[PDB]
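Down below is the structure, laid out as structure tokens.
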Amino acid sequence: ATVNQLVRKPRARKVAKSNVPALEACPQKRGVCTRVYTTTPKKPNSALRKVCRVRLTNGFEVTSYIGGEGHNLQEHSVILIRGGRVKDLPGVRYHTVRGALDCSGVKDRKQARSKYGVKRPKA
Amino acid sequence: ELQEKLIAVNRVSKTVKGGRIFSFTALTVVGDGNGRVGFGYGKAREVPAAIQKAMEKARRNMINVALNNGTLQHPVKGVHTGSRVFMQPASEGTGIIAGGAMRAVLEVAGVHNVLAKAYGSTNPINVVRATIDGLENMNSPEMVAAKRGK
Amino acid sequence: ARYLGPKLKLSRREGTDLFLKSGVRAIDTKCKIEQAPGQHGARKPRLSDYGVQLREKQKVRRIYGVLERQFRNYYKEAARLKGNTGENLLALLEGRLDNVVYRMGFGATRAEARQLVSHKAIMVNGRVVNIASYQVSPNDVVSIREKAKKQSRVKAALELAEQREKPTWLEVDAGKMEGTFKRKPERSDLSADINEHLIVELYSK
Amino acid sequence: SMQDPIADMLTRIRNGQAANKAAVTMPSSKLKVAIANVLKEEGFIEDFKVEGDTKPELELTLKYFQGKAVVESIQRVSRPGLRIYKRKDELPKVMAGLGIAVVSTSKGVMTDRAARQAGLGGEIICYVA
RNA sequence: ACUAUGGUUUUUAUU
RNA sequence: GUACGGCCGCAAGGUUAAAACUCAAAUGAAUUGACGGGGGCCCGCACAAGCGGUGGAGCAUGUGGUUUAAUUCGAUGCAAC
RNA sequence: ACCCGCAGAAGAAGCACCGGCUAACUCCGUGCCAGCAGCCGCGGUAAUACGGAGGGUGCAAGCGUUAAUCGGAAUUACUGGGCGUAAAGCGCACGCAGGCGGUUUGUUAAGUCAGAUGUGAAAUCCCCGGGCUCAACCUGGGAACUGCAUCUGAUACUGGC
RNA sequence: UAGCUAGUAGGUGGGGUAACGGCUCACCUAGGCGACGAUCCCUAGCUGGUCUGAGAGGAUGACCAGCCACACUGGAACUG
């Protein structure tokens with residue numbers, strides 16, 4: 001734009017991702033859960049996956065994936081919800097945390113043990 | 001000794017009936033001695049065939065550039081085929097530095113002390129040309145001995 | 001960290017002796033470095049295009065026991081007062097208190113020398129120093145504390161130091177275990193197990 | 001239409017030098033003959049001559065010595081809509097000291113040398129090498 | 001003057 | 001040009017013109033194949049036309065369907081039987 | 001705090017990564033299933049892509065995963081963007097209010113350039129003397145903060161007349 | 001959001017405060033403010049500082065030093 005045009009008004013601004021504060025600008029929050037159901041994947045594939053529907057006290061309503069070698073969940077069971085889209089499971093922008101609340105932990109590993117949540121046996 | 005360098009070798013296959021067959025493109029610099037720079041393209045089946053086919057072309061062309069102290073006399077910009085190259089003088093010892101397609105032109109001129117960057121296009125066949133245009137925009141003297149009289 | 005694992009498997013993988021676990025059984029043969037050529041081809045099948053300088057960068061770190069973040073900081077401070085990263089970088093590593101305790105001969109390895117420094121047994125100009133990265137300057141006096149002067153490994157390390165190449169830039173007395181720096185080490189003598197076109201573009205490469 | 005007598009001054013020289021011409025001619029003005037007097041003193045041109053009863057026109061002669069052009073940069077810097085002003089130590093070192101700049105000042109058109117020697121600054125008019 | 005339709009994925013060499 | 005308000009028209013309309021949602025795309029150029037109810041010069045027995053057939057009967061010799069205990073597994077448009 | 005002794009290897013190591021980009025990789029099992037994926041995409045009988053196993057790679061009292069900000073980003077473009085088509089030049093004519101305007105003189109001093117006196121809080125960067133090894137920190141002296149005001153020159157260009 | 005406003009815009013006379021002004025009243029006048037965005041609405045501790053990159057530039061101002069405001073929600077101000 002010309003010097004005269006820029007002295008009148010500068011160029012318009014853009015914001016890449018930080019435009020909607022849906023999860024209150026955190027990586028994770030808590031949700032009580034309102035619904036449990038299965039979502040079907042992009043392209044015909046056996047990879048059908050369970051999800052939990054969560055409603056937030058800021059007015060947002062979202063869908064979370066429940067991965068972690070199992071499923072024990074029902075409505076009002078209370079779980080933690082983290083940012084994490086599933087690129088083949090449409091509308092699912094969030095992911096479940098198994099470090100806390102009623103969402104159970106996983107089997108013990110030597111590799112990939114910083115994922116989900118791992119307890120020690122008495123041994 | 002004649003000055004030479006290989007810049008890069010890339011696979012540049014041939015589309016054919018039933019699929020594909022494989023060839024290589026080489027980018028080189030030679031010319032006619034130090035600070036007398038000539039460029040070479042060559043494509044062939046096999047890598048060493050392409051390299052020599054390029055160097056025999058780099059021995060047909062040359063440009064004699066102003067580099068009378070073997071170093072950048074001033075900071076300079078050069079441009080060719082969307083590639084833009086900026087060069088400024090630096091200290092000698094670890095001062096090389098700069099991407100291979102700029103560096104190859106500097107090595108065949110005996111320059112080892114720079115700080116240089118590419119802008120716009122990083123297409124290597126043109127970054128080399130933009131560096132050789134930057135050396136066309138380089139100067140020598142101390143022109144107070146030529147412009148003024150005496 | 002000190003890695004704390006088996007040592008000779010590192011030198012064998014670099015085809016270069018790193019002075020790790022050196023002395024006695026490690027002098028005159030049976031270190032087996034570059035003696036296993038494989039059953040077919042050079043085992044470089046493949047292997048990575050950046051393998052140099054990348055393995056040379058681990059070599060120059062591991063051979064002084066110096067960690068990445070500190071080695072990167074050495075590459076930045078080495079440039080001051082026209083010092084050149086092709087000269088001052090190596091003279092800073094050789095001027096470390098853990099290398100000076102190794103070059104004065106009180107440690108048989110740079111690890112053994114570091115383990116005198118950190119274990120509160122070393123002094124610089126009469127002051128106790130536990131920092132292995134302390135830079136020794138052309139007037140510094142380095143010595144051991146009385147609680148360690150008669151230790152077995154320290155006396156055995158001096159029996160190897162007299163067979164090693166003499167560092168002419170310093171002085172030492174073994175009966176007091178006290179020495180002095182007289183000159184900064186220079187590239188015209190200070191020579192290393194690294195190639196001449198490598199680690200001169202360290203980081204961002 | 002035409003706003004600035006300097007906006008068609010240096011183009012003639014840069015384009016005429018590219019055409020390998022020994023002389024370049026322009027409509028005359030106070031600042032054009034003030035710039036030419038300094039470019040002759042600093043040896044960037046050989047001579048200049050000015051004549052016309054209807055319109056005074058100024059012709060200056062280009063240096064090539066034995067074939068190669070002697071002026072290796074010809075730039076303006078500054079324009080009436082967006083002027084450049086430099087202070088006594090902010091005065092430029094053109095082509096990293098291989099070239100020179102020309103300034104207008106309160107004492108009249110002079111080099112960046114003559115301005116820094118006079119301990120003063122001012123407005124930019126030309127950049128050369 | 002015979003011609004509308006035709007689900008998915010697809011092969012060679014690189015340090 | 002989808003939505004909301006404002007302006008303007010007798011009206012169709014004229015003007016300003018998003019957001020959410022969603023994908024690694026849209027798009028300019030030049031290059032080589034291949035395809036056409038496309039072009040030019042043209043060849044094949046391919047079209048054409050002068051004849052002989054196979055297709056209908058009975059019998060034989062291979063391939064599907066049907067079936068049992070097996071009624072074997074492939075080949076199977078041009079390129080099988 | 002610091003000194004002296006009693007003490008015995010004793011009480012002390014993780015987590016991520018290894019088809020191509022991309023460091024280090026092979027064998028087992030699963031057999032489009034289960035379990036994965038930054039992009040190209042993995043898994044149907046050699047899976048270097050899942051789970052394990054044996055060996056390597058990386059950093060370390062840390063190592064890692066995420067919703068996001070700065071870099072890479074000159075792809076927001078001042079230093080430093082673009083308008084024939086790829087994306088933006090108004091279908092056209094005239095023109096108020098805005099932006100811009102030859103040249104000889106003087107004069108105004110808004111603006112520029114030059115010189116001072118005030119001020120620009122202390123921490124603090126950077127130089128540098130102490131204090132704890134280095135340094136975080138406490139500081140002792142310097143510097144900069146191009147600014148702004150108030151006095152005063154130059155008298156050239158721009159606006160003004 | 002393109003128009004907005006009635007102590008808004010100017011005068012005359014009182015009172016008020018340690019002192020100023022429409023500051024607060026009562027009356028005469030109709031002006032005043034707008035594309036350099038008035039009017040209105042949403043958001044909001046500010047700067048020393050902080051992080052980033054070679055820097056420019058960008059994202060941002062806990063603590064820190066200084067300054068301005070607040071004391072459950074709200075009015076009046078008084079003491080000194």
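In the structure tokens, chains take letters A, B, ... by order of appearance, with residues numbered from 1 within each chain and ligands from 1 in the order shown.
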Problem set entry | Exercise: residue 5 in chain F partners within 12 Å, only C-alpha atoms (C1' of nucleotides), chain neighbours under 2 positions left out, as a ChimeraX atom specification | /F:3,7,16-17 /H:1
For this session: Could you please tell me, as a VMD selection string, which residues of chain H have an atom within 12 Å of chain A when using only C-alpha atoms (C1' of nucleotides)?
Result: chain H and resid 35 to 37 58 to 59
Problem set entry | Residues flagged strand (DSSP E or B) by DSSP in chain D, as a ChimeraX atom specification | /D:23-27,48-51,57-61,74-75,79,82,85-86,100-103,110-111,122-128
Just the selected residues (N, CA and C atoms), exported as an mmCIF file, in the first residue's frame, please.
data_model
loop_
_atom_site.group_PDB
_atom_site.id
_atom_site.type_symbol
_atom_site.label_atom_id
_atom_site.label_comp_id
_atom_site.auth_asym_id
_atom_site.auth_seq_id
_atom_site.Cartn_x
_atom_site.Cartn_y
_atom_site.Cartn_z
ATOM 1 N N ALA D 23 27.688 11.748 -23.805
ATOM 2 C CA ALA D 23 27.058 12.917 -23.218
ATOM 3 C C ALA D 23 25.576 12.682 -22.936
ATOM 4 N N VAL D 24 25.056 13.350 -21.905
ATOM 5 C CA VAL D 24 23.660 13.288 -21.487
ATOM 6 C C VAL D 24 23.141 14.701 -21.261
ATOM 7 N N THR D 25 21.954 14.989 -21.757
ATOM 8 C CA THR D 25 21.359 16.327 -21.720
ATOM 9 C C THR D 25 19.999 16.364 -21.024
ATOM 10 N N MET D 26 19.737 17.470 -20.325
ATOM 11 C CA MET D 26 18.548 17.704 -19.519
ATOM 12 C C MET D 26 18.129 19.187 -19.513
ATOM 13 N N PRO D 27 16.865 19.497 -19.242
ATOM 14 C CA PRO D 27 16.429 20.839 -18.873
ATOM 15 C C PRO D 27 17.154 21.356 -17.622
ATOM 16 N N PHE D 48 30.632 20.005 -17.874
ATOM 17 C CA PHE D 48 29.251 20.297 -18.162
ATOM 18 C C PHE D 48 29.083 21.691 -18.780
ATOM 19 N N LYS D 49 28.106 21.843 -19.657
ATOM 20 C CA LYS D 49 27.842 23.054 -20.432
ATOM 21 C C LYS D 49 26.348 23.317 -20.511
ATOM 22 N N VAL D 50 25.927 24.577 -20.486
ATOM 23 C CA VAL D 50 24.525 24.958 -20.385
ATOM 24 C C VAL D 50 24.187 26.140 -21.292
ATOM 25 N N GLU D 51 23.137 25.998 -22.084
ATOM 26 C CA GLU D 51 22.788 26.980 -23.103
ATOM 27 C C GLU D 51 21.327 26.873 -23.543
ATOM 28 N N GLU D 57 19.244 24.375 -21.556
ATOM 29 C CA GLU D 57 19.496 22.942 -21.463
ATOM 30 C C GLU D 57 20.956 22.656 -21.190
ATOM 31 N N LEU D 58 21.167 21.721 -20.278
ATOM 32 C CA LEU D 58 22.391 21.374 -19.622
ATOM 33 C C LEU D 58 22.874 20.015 -20.160
ATOM 34 N N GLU D 59 24.091 19.958 -20.674
ATOM 35 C CA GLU D 59 24.726 18.742 -21.170
ATOM 36 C C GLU D 59 26.006 18.467 -20.406
ATOM 37 N N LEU D 60 26.125 17.255 -19.873
ATOM 38 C CA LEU D 60 27.274 16.784 -19.141
ATOM 39 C C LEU D 60 27.914 15.571 -19.823
ATOM 40 N N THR D 61 29.219 15.436 -19.696
ATOM 41 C CA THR D 61 29.979 14.362 -20.339
ATOM 42 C C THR D 61 30.405 13.276 -19.369
ATOM 43 N N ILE D 74 24.893 5.035 -9.436
ATOM 44 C CA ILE D 74 24.186 6.300 -9.538
ATOM 45 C C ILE D 74 22.773 6.159 -8.979
ATOM 46 N N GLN D 75 22.558 6.717 -7.787
ATOM 47 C CA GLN D 75 21.321 6.656 -7.028
ATOM 48 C C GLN D 75 20.879 8.047 -6.591
ATOM 49 N N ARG D 79 13.194 11.754 -1.421
ATOM 50 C CA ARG D 79 12.251 12.335 -2.356
ATOM 51 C C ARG D 79 11.370 13.364 -1.645
ATOM 52 N N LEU D 82 8.892 12.197 0.999
ATOM 53 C CA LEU D 82 9.452 11.386 2.053
ATOM 54 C C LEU D 82 10.962 11.611 2.107
ATOM 55 N N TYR D 85 16.882 12.929 6.195
ATOM 56 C CA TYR D 85 17.665 13.923 6.923
ATOM 57 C C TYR D 85 18.653 13.219 7.826
ATOM 58 N N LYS D 86 19.933 13.531 7.699
ATOM 59 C CA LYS D 86 20.992 12.910 8.477
ATOM 60 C C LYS D 86 21.744 13.939 9.317
ATOM 61 N N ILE D 100 30.280 8.136 -2.345
ATOM 62 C CA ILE D 100 29.991 9.369 -1.593
ATOM 63 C C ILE D 100 28.533 9.762 -1.702
ATOM 64 N N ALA D 101 28.075 10.622 -0.794
ATOM 65 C CA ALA D 101 26.761 11.211 -0.827
ATOM 66 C C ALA D 101 26.838 12.739 -0.950
ATOM 67 N N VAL D 102 25.778 13.329 -1.446
ATOM 68 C CA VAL D 102 25.626 14.777 -1.601
ATOM 69 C C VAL D 102 24.418 15.243 -0.813
ATOM 70 N N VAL D 103 24.580 16.348 -0.081
ATOM 71 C CA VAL D 103 23.601 16.965 0.811
ATOM 72 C C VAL D 103 23.396 18.429 0.458
ATOM 73 N N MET D 110 26.758 20.375 -0.991
ATOM 74 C CA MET D 110 28.087 19.891 -0.692
ATOM 75 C C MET D 110 28.123 18.363 -0.467
ATOM 76 N N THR D 111 29.304 17.793 -0.387
ATOM 77 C CA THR D 111 29.510 16.361 -0.095
ATOM 78 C C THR D 111 29.262 16.014 1.376
ATOM 79 N N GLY D 122 22.028 17.578 7.424
ATOM 80 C CA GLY D 122 21.024 18.139 6.545
ATOM 81 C C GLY D 122 20.297 17.064 5.737
ATOM 82 N N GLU D 123 19.703 17.494 4.645
ATOM 83 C CA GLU D 123 18.882 16.703 3.747
ATOM 84 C C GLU D 123 19.722 16.050 2.623
ATOM 85 N N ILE D 124 19.452 14.774 2.315
ATOM 86 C CA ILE D 124 20.123 14.024 1.240
ATOM 87 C C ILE D 124 19.605 14.446 -0.132
ATOM 88 N N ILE D 125 20.471 14.529 -1.150
ATOM 89 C CA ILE D 125 20.065 14.731 -2.549
ATOM 90 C C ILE D 125 20.567 13.670 -3.548
ATOM 91 N N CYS D 126 21.774 13.142 -3.409
ATOM 92 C CA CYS D 126 22.349 12.132 -4.328
ATOM 93 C C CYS D 126 23.211 11.113 -3.592
ATOM 94 N N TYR D 127 23.310 9.894 -4.142
ATOM 95 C CA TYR D 127 24.201 8.811 -3.744
ATOM 96 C C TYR D 127 24.991 8.316 -4.973
ATOM 97 N N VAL D 128 26.311 8.236 -4.908
ATOM 98 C CA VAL D 128 27.151 7.789 -6.042
ATOM 99 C C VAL D 128 28.290 6.889 -5.612
#
For this session: Report the distance between CA of residue 63 in chain A and CA of residue 28 in chain A in Å, rounded to one decimal place.
Result: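 Going from CA of residue 63 in chain A over to CA of residue 28 in chain A, I get 13.3 Å.
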Problem set entry | range 41-52 of chain H environment, 8 Å, only C-alpha atoms (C1' of nucleotides), sequence neighbours closer than 2 positions dropped, as a list in words |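 Returned residues: residues 70 and 71 of chain G; 60, 61, 65 and 66 of chain H.
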Now that the selection is made, can you save its residues with C-alpha atoms (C1' of nucleotides) as a PDB file, in the first residue's frame?
ATOM      1  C1'   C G  70       7.961 -15.535  19.550  1.00  0.00           C
ATOM      2  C1'   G G  71      11.365 -18.047  15.747  1.00  0.00           C
TER       3        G G  71
ATOM      4  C1'   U H  60       2.972  -9.305  26.499  1.00  0.00           C
ATOM      5  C1'   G H  61       3.207  -6.224  30.972  1.00  0.00           C
ATOM      6  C1'   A H  65      10.407  -0.076  41.794  1.00  0.00           C
ATOM      7  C1'   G H  66       7.486   4.189  41.035  1.00  0.00           C
TER       8        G H  66
END
Taking only C-alpha atoms (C1' of nucleotides) into account and nothing else, which residues of chain G lie no more than 12 Å away from chain D? Please answer as a PDB file with N, CA and C atoms (P, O5', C5', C4', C3', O3' and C1' of nucleotides), in the first residue's frame.
ATOM      1  P     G G  99      -3.954  18.131   2.370  1.00  0.00           P
ATOM      2  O5'   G G  99      -3.289  17.001   1.499  1.00  0.00           O
ATOM      3  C5'   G G  99      -2.859  15.795   2.082  1.00  0.00           C
ATOM      4  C4'   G G  99      -2.204  14.891   1.028  1.00  0.00           C
ATOM      5  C3'   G G  99      -1.110  15.606   0.268  1.00  0.00           C
ATOM      6  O3'   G G  99       0.126  15.560   0.967  1.00  0.00           O
ATOM      7  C1'   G G  99      -2.529  14.509  -1.229  1.00  0.00           C
ATOM      8  P     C G 100       1.181  16.724   0.779  1.00  0.00           P
ATOM      9  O5'   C G 100       1.433  16.845  -0.797  1.00  0.00           O
ATOM     10  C5'   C G 100       2.237  15.911  -1.491  1.00  0.00           C
ATOM     11  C4'   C G 100       2.228  16.119  -3.029  1.00  0.00           C
ATOM     12  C3'   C G 100       2.707  17.481  -3.465  1.00  0.00           C
ATOM     13  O3'   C G 100       4.115  17.634  -3.374  1.00  0.00           O
ATOM     14  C1'   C G 100       0.974  16.749  -4.825  1.00  0.00           C
ATOM     15  P     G G 101       4.785  19.073  -3.371  1.00  0.00           P
ATOM     16  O5'   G G 101       4.508  19.694  -4.797  1.00  0.00           O
ATOM     17  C5'   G G 101       5.208  19.272  -5.955  1.00  0.00           C
ATOM     18  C4'   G G 101       4.796  20.069  -7.184  1.00  0.00           C
ATOM     19  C3'   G G 101       5.273  21.490  -7.108  1.00  0.00           C
ATOM     20  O3'   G G 101       6.639  21.613  -7.527  1.00  0.00           O
ATOM     21  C1'   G G 101       3.052  21.371  -7.838  1.00  0.00           C
ATOM     22  P     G G 102       7.462  22.965  -7.400  1.00  0.00           P
ATOM     23  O5'   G G 102       7.617  23.486  -8.899  1.00  0.00           O
ATOM     24  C5'   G G 102       8.303  22.722  -9.882  1.00  0.00           C
ATOM     25  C4'   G G 102       8.671  23.560 -11.129  1.00  0.00           C
ATOM     26  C3'   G G 102       9.683  24.649 -10.845  1.00  0.00           C
ATOM     27  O3'   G G 102      11.003  24.145 -10.994  1.00  0.00           O
ATOM     28  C1'   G G 102       7.956  25.440 -12.230  1.00  0.00           C
ATOM     29  P     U G 103      12.186  24.752 -10.149  1.00  0.00           P
ATOM     30  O5'   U G 103      12.192  26.309 -10.431  1.00  0.00           O
ATOM     31  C5'   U G 103      12.758  26.891 -11.595  1.00  0.00           C
ATOM     32  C4'   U G 103      12.578  28.408 -11.583  1.00  0.00           C
ATOM     33  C3'   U G 103      13.065  29.053 -10.302  1.00  0.00           C
ATOM     34  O3'   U G 103      14.449  29.375 -10.438  1.00  0.00           O
ATOM     35  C1'   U G 103      10.936  29.859 -10.924  1.00  0.00           C
ATOM     36  P     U G 104      15.330  29.981  -9.270  1.00  0.00           P
ATOM     37  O5'   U G 104      15.028  31.537  -9.359  1.00  0.00           O
ATOM     38  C5'   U G 104      15.645  32.348 -10.355  1.00  0.00           C
ATOM     39  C4'   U G 104      15.283  33.829 -10.184  1.00  0.00           C
ATOM     40  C3'   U G 104      15.641  34.333  -8.814  1.00  0.00           C
ATOM     41  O3'   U G 104      16.996  34.767  -8.782  1.00  0.00           O
ATOM     42  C1'   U G 104      13.519  35.077  -9.437  1.00  0.00           C
ATOM     43  P     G G 111       8.030  22.730  15.308  1.00  0.00           P
ATOM     44  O5'   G G 111       8.664  22.068  14.018  1.00  0.00           O
ATOM     45  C5'   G G 111       8.067  20.946  13.388  1.00  0.00           C
ATOM     46  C4'   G G 111       8.772  20.617  12.061  1.00  0.00           C
ATOM     47  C3'   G G 111      10.229  20.367  12.226  1.00  0.00           C
ATOM     48  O3'   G G 111      10.478  19.056  12.761  1.00  0.00           O
ATOM     49  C1'   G G 111       9.774  21.520  10.221  1.00  0.00           C
ATOM     50  P     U G 112      11.798  18.738  13.549  1.00  0.00           P
ATOM     51  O5'   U G 112      12.973  18.876  12.475  1.00  0.00           O
ATOM     52  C5'   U G 112      13.221  17.879  11.489  1.00  0.00           C
ATOM     53  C4'   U G 112      14.306  18.317  10.474  1.00  0.00           C
ATOM     54  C3'   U G 112      15.678  18.403  11.060  1.00  0.00           C
ATOM     55  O3'   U G 112      16.276  17.104  11.041  1.00  0.00           O
ATOM     56  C1'   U G 112      15.280  20.209   9.566  1.00  0.00           C
ATOM     57  P     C G 113      17.301  16.636  12.136  1.00  0.00           P
ATOM     58  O5'   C G 113      18.588  17.549  11.959  1.00  0.00           O
ATOM     59  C5'   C G 113      19.530  17.326  10.926  1.00  0.00           C
ATOM     60  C4'   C G 113      20.542  18.489  10.821  1.00  0.00           C
ATOM     61  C3'   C G 113      21.211  18.831  12.121  1.00  0.00           C
ATOM     62  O3'   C G 113      22.229  17.895  12.462  1.00  0.00           O
ATOM     63  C1'   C G 113      20.641  20.784  10.981  1.00  0.00           C
ATOM     64  P     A G 114      22.764  17.796  13.950  1.00  0.00           P
ATOM     65  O5'   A G 114      23.483  19.172  14.304  1.00  0.00           O
ATOM     66  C5'   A G 114      24.707  19.515  13.692  1.00  0.00           C
ATOM     67  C4'   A G 114      25.176  20.934  14.087  1.00  0.00           C
ATOM     68  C3'   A G 114      25.316  21.086  15.575  1.00  0.00           C
ATOM     69  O3'   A G 114      26.551  20.581  16.037  1.00  0.00           O
ATOM     70  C1'   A G 114      24.221  22.928  14.714  1.00  0.00           C
ATOM     71  P     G G 115      26.679  20.023  17.511  1.00  0.00           P
ATOM     72  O5'   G G 115      26.540  21.297  18.447  1.00  0.00           O
ATOM     73  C5'   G G 115      27.596  22.233  18.556  1.00  0.00           C
ATOM     74  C4'   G G 115      27.274  23.341  19.571  1.00  0.00           C
ATOM     75  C3'   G G 115      27.007  22.806  20.959  1.00  0.00           C
ATOM     76  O3'   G G 115      28.223  22.597  21.690  1.00  0.00           O
ATOM     77  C1'   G G 115      25.510  24.541  20.348  1.00  0.00           C
ATOM     78  P     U G 146      16.083   8.817  23.728  1.00  0.00           P
ATOM     79  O5'   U G 146      17.026   9.534  22.662  1.00  0.00           O
ATOM     80  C5'   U G 146      18.230  10.184  22.982  1.00  0.00           C
ATOM     81  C4'   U G 146      18.917  10.745  21.716  1.00  0.00           C
ATOM     82  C3'   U G 146      17.961  11.427  20.769  1.00  0.00           C
ATOM     83  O3'   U G 146      18.089  12.859  20.858  1.00  0.00           O
ATOM     84  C1'   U G 146      18.999   9.568  19.700  1.00  0.00           C
ATOM     85  P     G G 153      21.236  34.604  18.451  1.00  0.00           P
ATOM     86  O5'   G G 153      22.337  33.691  17.785  1.00  0.00           O
ATOM     87  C5'   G G 153      22.308  33.337  16.418  1.00  0.00           C
ATOM     88  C4'   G G 153      23.423  32.360  16.098  1.00  0.00           C
ATOM     89  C3'   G G 153      23.439  32.014  14.622  1.00  0.00           C
ATOM     90  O3'   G G 153      24.343  32.882  13.922  1.00  0.00           O
ATOM     91  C1'   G G 153      23.348  30.045  15.908  1.00  0.00           C
ATOM     92  P     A G 154      24.150  33.239  12.400  1.00  0.00           P
ATOM     93  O5'   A G 154      24.022  31.858  11.614  1.00  0.00           O
ATOM     94  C5'   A G 154      25.163  31.107  11.263  1.00  0.00           C
ATOM     95  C4'   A G 154      24.809  29.897  10.386  1.00  0.00           C
ATOM     96  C3'   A G 154      24.017  30.286   9.170  1.00  0.00           C
ATOM     97  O3'   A G 154      24.878  30.646   8.072  1.00  0.00           O
ATOM     98  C1'   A G 154      23.168  28.299  10.207  1.00  0.00           C
ATOM     99  P     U G 155      24.553  31.840   7.090  1.00  0.00           P
ATOM    100  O5'   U G 155      23.167  31.465   6.449  1.00  0.00           O
ATOM    101  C5'   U G 155      23.020  30.452   5.469  1.00  0.00           C
ATOM    102  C4'   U G 155      21.554  30.208   5.160  1.00  0.00           C
ATOM    103  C3'   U G 155      20.914  31.486   4.624  1.00  0.00           C
ATOM    104  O3'   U G 155      20.114  31.221   3.467  1.00  0.00           O
ATOM    105  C1'   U G 155      19.797  30.653   6.573  1.00  0.00           C
ATOM    106  P     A G 156      20.744  30.860   2.058  1.00  0.00           P
ATOM    107  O5'   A G 156      20.449  29.315   1.952  1.00  0.00           O
ATOM    108  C5'   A G 156      21.043  28.487   0.975  1.00  0.00           C
ATOM    109  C4'   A G 156      20.446  27.078   1.050  1.00  0.00           C
ATOM    110  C3'   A G 156      19.004  27.056   0.664  1.00  0.00           C
ATOM    111  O3'   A G 156      18.847  26.839  -0.752  1.00  0.00           O
ATOM    112  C1'   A G 156      19.323  25.931   2.715  1.00  0.00           C
ATOM    113  P     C G 157      17.497  27.156  -1.485  1.00  0.00           P
ATOM    114  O5'   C G 157      16.463  26.064  -0.964  1.00  0.00           O
ATOM    115  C5'   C G 157      16.310  24.824  -1.641  1.00  0.00           C
ATOM    116  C4'   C G 157      15.482  23.834  -0.806  1.00  0.00           C
ATOM    117  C3'   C G 157      14.040  24.194  -0.707  1.00  0.00           C
ATOM    118  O3'   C G 157      13.321  23.752  -1.875  1.00  0.00           O
ATOM    119  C1'   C G 157      14.899  23.408   1.365  1.00  0.00           C
ATOM    120  P     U G 158      11.884  24.286  -2.223  1.00  0.00           P
ATOM    121  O5'   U G 158      10.968  23.789  -1.040  1.00  0.00           O
ATOM    122  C5'   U G 158      10.357  22.513  -1.087  1.00  0.00           C
ATOM    123  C4'   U G 158       9.472  22.293   0.139  1.00  0.00           C
ATOM    124  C3'   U G 158       8.511  23.413   0.379  1.00  0.00           C
ATOM    125  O3'   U G 158       7.417  23.370  -0.533  1.00  0.00           O
ATOM    126  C1'   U G 158       9.377  22.606   2.395  1.00  0.00           C
TER     127        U G 158
END
Problem set entry | Selection near residue 13 in chain H, 12 Å with only C-alpha atoms (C1' of nucleotides), sequence-local residues under 2 positions removed, as a ChimeraX atom specification | /H:11,15,25-28
Exercise. Taking only C-alpha atoms (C1' of nucleotides) into account, what are the residues of chain G at most 12 Å from chain B, put as JSON, numbers by chain?
Worked result: {"G": [74, 75, 80, 81]}
